[PDB]
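**Q** Dropping in my_file-v7.csv, which is CSV, C-alpha atoms and all ligand atoms:
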```csv
chain,number,residue,atom,x,y,z
A,14,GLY,CA,-4.5,-27.3,5.0
A,15,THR,CA,-2.4,-25.1,7.3
A,16,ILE,CA,-1.4,-28.2,9.3
A,17,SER,CA,-1.0,-31.6,7.6
A,18,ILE,CA,0.3,-34.9,8.6
A,19,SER,CA,1.5,-37.5,6.1
A,20,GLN,CA,2.4,-41.1,6.8
A,21,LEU,CA,5.7,-42.7,6.2
A,22,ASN,CA,4.8,-45.9,8.1
A,23,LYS,CA,2.7,-46.9,11.0
A,24,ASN,CA,4.5,-44.9,13.6
A,25,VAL,CA,6.4,-42.3,11.6
A,26,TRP,CA,4.6,-39.4,10.1
A,27,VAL,CA,5.7,-36.0,8.6
A,28,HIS,CA,4.1,-32.9,10.1
A,29,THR,CA,3.9,-29.9,7.8
A,30,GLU,CA,2.7,-26.5,8.7
A,31,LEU,CA,2.1,-23.5,6.6
A,32,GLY,CA,3.6,-20.4,8.1
A,33,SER,CA,2.1,-17.2,6.9
A,34,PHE,CA,4.7,-14.8,5.7
A,35,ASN,CA,3.9,-11.7,3.7
A,36,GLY,CA,0.7,-13.3,2.6
A,37,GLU,CA,2.4,-16.5,1.4
A,38,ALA,CA,2.1,-19.9,2.9
A,39,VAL,CA,5.5,-21.4,3.7
A,40,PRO,CA,5.6,-25.1,4.6
A,41,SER,CA,7.9,-26.5,7.1
A,42,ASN,CA,8.3,-30.2,7.9
A,43,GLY,CA,9.1,-32.2,11.0
A,44,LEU,CA,8.4,-35.7,12.2
A,45,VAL,CA,5.8,-37.3,14.4
A,46,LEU,CA,6.8,-40.6,16.1
A,47,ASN,CA,4.0,-42.6,17.5
A,48,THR,CA,5.6,-44.6,20.3
A,49,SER,CA,4.4,-46.8,23.0
A,50,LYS,CA,5.3,-44.1,25.5
A,51,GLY,CA,3.9,-41.1,23.6
A,52,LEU,CA,4.4,-39.0,20.6
A,53,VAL,CA,7.8,-37.6,19.9
A,54,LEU,CA,8.2,-34.7,17.4
A,55,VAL,CA,11.1,-33.8,15.4
A,56,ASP,CA,10.8,-30.0,15.4
A,57,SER,CA,8.0,-27.8,16.5
A,58,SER,CA,6.6,-25.1,14.2
A,59,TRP,CA,7.0,-21.5,13.2
A,60,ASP,CA,5.4,-20.1,16.3
A,61,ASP,CA,3.4,-21.0,19.4
A,62,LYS,CA,0.1,-20.7,17.6
A,63,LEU,CA,1.0,-23.2,15.0
A,64,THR,CA,2.8,-25.4,17.5
A,65,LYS,CA,-0.4,-25.6,19.6
A,66,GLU,CA,-2.4,-26.4,16.5
A,67,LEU,CA,0.2,-29.1,15.6
A,68,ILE,CA,0.1,-30.6,19.0
A,69,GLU,CA,-3.7,-30.6,19.1
A,70,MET,CA,-3.9,-32.3,15.8
A,71,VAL,CA,-1.4,-35.1,16.5
A,72,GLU,CA,-2.7,-35.8,20.0
A,73,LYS,CA,-6.2,-36.1,18.7
A,74,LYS,CA,-5.1,-38.2,15.7
A,75,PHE,CA,-3.1,-40.7,17.7
A,76,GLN,CA,-4.9,-40.3,21.1
A,77,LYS,CA,-1.4,-40.0,22.6
A,78,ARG,CA,0.4,-37.3,24.4
A,79,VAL,CA,3.3,-35.4,22.8
A,80,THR,CA,6.1,-36.0,25.3
A,81,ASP,CA,9.3,-34.9,23.6
A,82,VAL,CA,10.4,-32.7,20.7
A,83,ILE,CA,13.8,-32.7,19.2
A,84,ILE,CA,14.8,-29.2,18.0
A,85,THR,CA,17.1,-29.3,15.0
A,86,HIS,CA,18.2,-25.7,15.1
A,87,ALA,CA,17.4,-22.5,16.8
A,88,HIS,CA,15.3,-20.8,14.2
A,89,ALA,CA,11.5,-20.2,14.2
A,90,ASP,CA,10.5,-23.1,12.0
A,91,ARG,CA,12.1,-25.5,14.4
A,92,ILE,CA,12.0,-23.8,17.8
A,93,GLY,CA,9.2,-21.3,17.3
A,94,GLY,CA,6.9,-23.3,19.6
A,95,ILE,CA,9.3,-23.8,22.5
A,96,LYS,CA,7.3,-21.7,24.9
A,97,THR,CA,4.3,-24.0,24.2
A,98,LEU,CA,6.5,-27.0,24.8
A,99,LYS,CA,7.9,-25.8,28.1
A,100,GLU,CA,4.6,-24.7,29.5
A,101,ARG,CA,3.2,-28.2,28.7
A,102,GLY,CA,6.1,-30.2,30.1
A,103,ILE,CA,7.0,-31.4,26.7
A,104,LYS,CA,10.7,-32.0,26.8
A,105,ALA,CA,12.6,-30.0,24.2
A,106,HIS,CA,15.8,-31.8,23.3
A,107,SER,CA,18.7,-30.0,21.6
A,108,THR,CA,22.4,-29.8,21.5
A,109,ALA,CA,24.0,-27.3,23.9
A,110,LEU,CA,24.9,-25.1,21.0
A,111,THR,CA,21.3,-25.0,19.8
A,112,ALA,CA,20.3,-24.1,23.4
A,113,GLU,CA,22.9,-21.3,23.4
A,114,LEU,CA,21.6,-20.0,20.1
A,115,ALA,CA,18.0,-20.2,21.2
A,116,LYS,CA,18.7,-18.0,24.1
A,117,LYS,CA,20.5,-15.6,21.8
A,118,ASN,CA,17.7,-15.6,19.2
A,119,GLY,CA,15.2,-14.7,21.9
A,120,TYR,CA,13.6,-18.2,22.5
A,121,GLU,CA,13.1,-20.2,25.6
A,122,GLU,CA,15.8,-22.6,26.3
A,123,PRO,CA,15.8,-26.3,25.2
A,124,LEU,CA,17.6,-28.9,27.1
A,125,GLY,CA,21.1,-28.9,25.6
A,126,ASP,CA,21.1,-32.7,26.2
A,127,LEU,CA,22.2,-33.9,22.7
A,128,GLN,CA,25.8,-34.5,21.9
A,129,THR,CA,27.3,-35.0,18.5
A,130,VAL,CA,25.9,-38.5,18.3
A,131,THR,CA,23.1,-39.2,20.7
A,132,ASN,CA,20.8,-42.2,21.0
A,133,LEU,CA,17.4,-41.8,22.4
A,134,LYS,CA,14.7,-44.4,22.8
A,135,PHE,CA,11.0,-43.7,23.3
A,136,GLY,CA,9.2,-46.8,23.9
A,137,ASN,CA,10.4,-49.1,21.1
A,138,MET,CA,11.3,-46.2,18.8
A,139,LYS,CA,15.0,-45.6,18.5
A,140,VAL,CA,16.1,-42.1,17.6
A,141,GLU,CA,19.6,-40.9,16.8
A,142,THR,CA,20.5,-37.3,16.7
A,143,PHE,CA,23.6,-36.3,14.8
A,144,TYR,CA,25.4,-33.0,14.6
A,145,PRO,CA,27.1,-33.2,11.2
A,146,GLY,CA,28.8,-29.8,11.3
A,147,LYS,CA,27.9,-26.3,10.4
A,148,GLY,CA,25.7,-25.6,7.4
A,149,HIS,CA,22.4,-23.8,7.3
A,150,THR,CA,23.3,-22.7,10.8
A,151,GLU,CA,26.2,-23.4,13.1
A,152,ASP,CA,24.1,-25.8,15.2
A,153,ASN,CA,21.9,-27.7,12.7
A,154,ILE,CA,21.4,-31.4,13.5
A,155,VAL,CA,19.8,-34.2,11.7
A,156,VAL,CA,17.7,-37.0,13.2
A,157,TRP,CA,17.8,-40.6,12.2
A,158,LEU,CA,15.5,-43.5,12.8
A,159,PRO,CA,17.7,-46.5,12.5
A,160,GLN,CA,14.9,-49.0,12.6
A,161,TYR,CA,13.4,-47.4,9.4
A,162,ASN,CA,16.3,-45.6,7.8
A,163,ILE,CA,14.5,-42.4,7.9
A,164,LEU,CA,16.5,-39.2,8.0
A,165,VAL,CA,15.1,-35.8,9.1
A,166,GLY,CA,17.4,-33.3,7.5
A,167,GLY,CA,15.8,-30.0,8.6
A,168,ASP,CA,17.0,-26.9,6.8
A,169,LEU,CA,20.4,-28.6,6.2
A,170,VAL,CA,18.7,-30.6,3.5
A,171,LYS,CA,16.9,-29.2,0.5
A,172,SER,CA,14.1,-30.7,-1.4
A,173,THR,CA,14.4,-31.7,-5.0
A,174,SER,CA,12.5,-28.6,-6.2
A,175,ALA,CA,14.6,-26.2,-4.2
A,176,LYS,CA,17.1,-24.3,-6.3
A,177,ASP,CA,18.1,-21.9,-3.5
A,178,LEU,CA,19.9,-22.4,-0.2
A,179,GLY,CA,17.7,-19.9,1.6
A,180,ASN,CA,19.0,-17.4,4.0
A,181,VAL,CA,22.7,-17.7,4.3
A,182,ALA,CA,23.6,-14.8,6.4
A,183,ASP,CA,24.2,-17.1,9.3
A,184,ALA,CA,25.0,-20.0,7.3
A,185,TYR,CA,28.4,-21.7,6.8
A,186,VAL,CA,28.1,-22.2,3.1
A,187,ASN,CA,31.5,-23.7,2.6
A,188,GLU,CA,31.2,-26.0,5.5
A,189,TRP,CA,27.7,-27.0,4.6
A,190,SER,CA,28.9,-29.4,1.8
A,191,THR,CA,31.2,-31.1,4.3
A,192,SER,CA,28.4,-31.5,6.7
A,193,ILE,CA,26.1,-32.9,4.1
A,194,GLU,CA,29.0,-35.3,3.1
A,195,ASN,CA,29.1,-36.3,6.7
A,196,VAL,CA,25.4,-37.2,6.6
A,197,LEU,CA,25.8,-39.1,3.4
A,198,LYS,CA,28.7,-41.0,4.8
A,199,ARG,CA,26.9,-41.9,8.1
A,200,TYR,CA,23.5,-42.9,6.5
A,201,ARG,CA,24.1,-45.2,3.7
A,202,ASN,CA,20.8,-46.9,2.7
A,203,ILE,CA,18.2,-44.3,3.3
A,204,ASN,CA,14.5,-45.1,2.8
A,205,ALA,CA,13.3,-41.5,3.3
A,206,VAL,CA,14.8,-38.1,3.7
A,207,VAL,CA,12.6,-35.4,5.1
A,208,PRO,CA,13.9,-32.0,4.1
A,209,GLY,CA,13.2,-29.0,6.3
A,210,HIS,CA,10.9,-27.7,3.6
A,211,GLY,CA,9.3,-29.5,0.7
A,212,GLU,CA,8.7,-33.0,-0.4
A,213,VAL,CA,10.1,-36.0,1.2
A,214,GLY,CA,12.6,-37.8,-0.9
A,215,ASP,CA,15.5,-40.1,-0.5
A,216,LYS,CA,19.3,-39.9,-0.6
A,217,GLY,CA,18.8,-37.9,-3.7
A,218,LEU,CA,17.9,-34.9,-1.6
A,219,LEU,CA,21.4,-35.1,0.0
A,220,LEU,CA,23.0,-35.3,-3.4
A,221,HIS,CA,20.8,-32.5,-4.6
A,222,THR,CA,21.8,-30.3,-1.7
A,223,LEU,CA,25.5,-31.0,-2.4
A,224,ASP,CA,24.8,-30.0,-6.0
A,225,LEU,CA,23.3,-26.7,-4.9
A,226,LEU,CA,26.3,-26.1,-2.7
A,227,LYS,CA,28.9,-26.8,-5.4
B,1,ZN,ZN,17.0,-21.8,9.9
B,2,ZN,ZN,13.6,-23.4,7.4
```
If you convert what's in this file into structure tokens, what do you get?
**A**
Amino acid sequence: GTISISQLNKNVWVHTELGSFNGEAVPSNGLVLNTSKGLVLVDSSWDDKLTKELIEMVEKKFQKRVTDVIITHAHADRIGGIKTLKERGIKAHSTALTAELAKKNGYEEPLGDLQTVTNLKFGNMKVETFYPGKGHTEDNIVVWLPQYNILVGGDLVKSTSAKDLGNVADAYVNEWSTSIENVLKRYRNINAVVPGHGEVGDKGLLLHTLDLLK
């Protein structure tokens, strides 16, 4: 099961891919939104190969085109497939900072169209992007589906089983708790929280992440 999709509701699924690192499978999550105007992903995958596999799978599953991807920060698990996106005319949305960091981290450039709070609408599917502040990276954003109170946390948000923050060389560890607090403040009645890696949970993941950061 290198690529798996799991349903939250009719039109919102989690995509999860196993990257292969040092002979270990390493899952990363994003979202798949099935809209009347196409599929919209939150995040790509670790690299172009997996991104292609992901796109092939979702397009086949839903018989719909991937039209847009929202990139939640400029690391491989999120942006690794940007070349695939660009050469397919799949729009790669990001904050300007993520775009700047993408170019620095050697990736092709996403759009830089997202602000601190941005509302997008794809068909009937409403999507909010929110930059809560620095944390896992300087640029990490989260994505919210206000119709369903589903939050995509990316690597800002740890799963319940996670006991480790991960790579913090370019993290803002002190600021990360504030950024999580900002997410907790903004999103009050959450049905699901998708962490960047690991099992989907609820607000408890945000609290858990705060706990790890204490
Ligand atoms: Zn990262
Ligand atoms: Zn990650």
**Q** Could you build a table of the residues in chain A lying no more than 8 Å from ligand ZN 2 (chain B), giving for each the nearest pair of atoms and their separation in Å rounded to one decimal place, using only C-alpha atoms and all ligand atoms, ordered by chain and ascending residue number, as JSON lines?
**A**
```
{"residue": "A:41", "atom": "CA", "partner": "B:ZN2", "partner_atom": "ZN", "distance": 6.5}
{"residue": "A:88", "atom": "CA", "partner": "B:ZN2", "partner_atom": "ZN", "distance": 7.5}
{"residue": "A:89", "atom": "CA", "partner": "B:ZN2", "partner_atom": "ZN", "distance": 7.8}
{"residue": "A:90", "atom": "CA", "partner": "B:ZN2", "partner_atom": "ZN", "distance": 5.6}
{"residue": "A:91", "atom": "CA", "partner": "B:ZN2", "partner_atom": "ZN", "distance": 7.5}
{"residue": "A:167", "atom": "CA", "partner": "B:ZN2", "partner_atom": "ZN", "distance": 7.1}
{"residue": "A:168", "atom": "CA", "partner": "B:ZN2", "partner_atom": "ZN", "distance": 4.9}
{"residue": "A:179", "atom": "CA", "partner": "B:ZN2", "partner_atom": "ZN", "distance": 7.9}
{"residue": "A:209", "atom": "CA", "partner": "B:ZN2", "partner_atom": "ZN", "distance": 5.7}
{"residue": "A:210", "atom": "CA", "partner": "B:ZN2", "partner_atom": "ZN", "distance": 6.3}
```
**Q** Using all atoms listed in the file, can you tell me which of A:108, A:47, A:195, A:204 comes closest to residue 160 of chain A?
**A** A:204
**Q** Within 12 Å of ligand ZN 1 (chain B), counting all atoms listed in the file, which protein or nucleic acid residues do you find, written as number ranges by chain?
**A** A: 41, 56, 58-59, 84-93, 111, 114-115, 118, 147-154, 166-171, 178-185, 209-210
**Q** When you look at segment 124-126 of chain A with a cut-off of 8 Å (counting all atoms listed in the file), what residues show up, excluding the ones that are within fewer than 2 positions of it in the same chain? I need them as a PyMOL selection string.
**A** chain A and resi 104-112+122+128
**Q** Mind giving me the straight-line distance from atom CA of residue 216 of chain A to atom CA of residue 200 of chain A in Å, one decimal?
**A** 8.8 Å
**Q** With distances taken over all atoms listed in the file, which of A:46, A:205, A:67, A:83 is nearest to residue 139 of chain A?
**A**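 For residue 139 of chain A, the nearest of the given residues is A:46.
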**Q** Mind pulling up the distance from atom CA of residue 172 of chain A to atom CA of residue 217 of chain A?
**A**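 These atoms are spaced 8.9 Å apart.
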**Q** Tell me which of A:55, A:14, A:81, A:220 sits closest to residue 142 of chain A, counting all atoms listed in the file.
**A**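 Closest to residue 142 of chain A, using all atoms listed in the file: A:55.
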**Q** Can you measure atom CA of residue 155 of chain A to atom CA of residue 35 of chain A for me? One decimal in Å is fine.
**A** 28.7 Å
**Q** Return the single residue from A:50, A:199, A:65, A:176 that is closest to residue 224 of chain A, with distances computed using all atoms listed in the file.
**A**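 Looking at the shortest contact to residue 224 of chain A, the residue is A:176.
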**Q** Counting only C-alpha atoms, which of A:162, A:191, A:131, A:15 gets nearest to residue 31 of chain A?
**A** A:15
**Q** Could you tell me which of A:196, A:95, A:18, A:53 comes closest to residue 130 of chain A if we count only C-alpha atoms?
**A**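 Closest candidate: A:196.
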**Q** Could you give me, as a list in words, the residues within 10 Å of residue 26 of chain A, counting only C-alpha atoms and dropping anything in the same chain fewer than 4 positions from it?
**A**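 Contacts, in chain order: residues 17, 18, 19, 20, 21, 22, 43, 44, 45, 46, 47, 54 and 71 of chain A.
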**Q** Please provide the set of residues having any atom within 8 Å of residue 157 of chain A, restricted to all atoms listed in the file, with same-chain residues fewer than 5 positions apart removed, written as a list in words.
**A**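 My list of contacting residues is residues 140, 141, 142, 143, 162, 163, 164 and 165 of chain A.
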